[PDB]
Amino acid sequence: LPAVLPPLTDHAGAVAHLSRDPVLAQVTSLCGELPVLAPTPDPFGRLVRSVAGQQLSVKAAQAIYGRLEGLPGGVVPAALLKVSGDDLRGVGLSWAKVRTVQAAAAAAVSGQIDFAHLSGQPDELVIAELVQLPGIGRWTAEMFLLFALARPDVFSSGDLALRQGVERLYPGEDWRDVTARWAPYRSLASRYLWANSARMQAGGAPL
């Protein structure tokens, strides 16, 4: 399994590499600079934030996470297991999200997922353990690696917007080929695809 790649601390190297693909050379200049993501010091809490926020507005997602934070002991595995399912529903969580959050806390306290020591685990091993939790598929696991853990080399082949972007920009090309070229910077390439979509949704000119 590939060795864990550290989070980028700056994007210059990444952008130069990606820019070797004339599509991304254009996309990166059109979209400009993207902020450098710092790996979270609290993976568990970021996992819970992600889960809790799914399908909610940005303000609603913040609110509900704040209500979780306000439970006794906060957003910590052992503390969340002492909160009843009725009180987790009570903060506004769907039953699906209650179950996922309970499942993630239980996995942390049982040692099934060592949220304190992910830094050394290959992407796929982190993915496989997250996937075993109810309500968390590969896509959620991959988004967590990319956005929470700031791993640099993640292309989520189940993200519809990424796949629609590759289809649009590279018609008739094998997506595995296209995206492999972006390695070891598939995460920033992914972020530029989403940025380009936002750019187009704002009225921008196409490539």
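Sequential numbering from 1, following the sequence displayed.
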Residue stretch of maximal mean CA temperature factor, 140-148 vs 34-42: 34-42
Mean C-alpha B-factor comparison - 14-22 and 190-198, higher one: 14-22
Peak C-alpha temperature factor (PDB record), options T28, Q55, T179, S157: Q55
Highest-ranked of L80, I113, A103, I127 once sorted by CA temperature factor in the record: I113
Chain-relative CA temperature factor third for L88: middle
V51 - Cα temperature factor, lowest/middle/highest third of chain: middle
Lowest, middle or highest third - CA B-factor, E69: highest
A61 - Cα temperature factor, lowest/middle/highest third of chain: highest
Third of the chain's Cα B-factor distribution that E167 belongs to, per the entry: middle
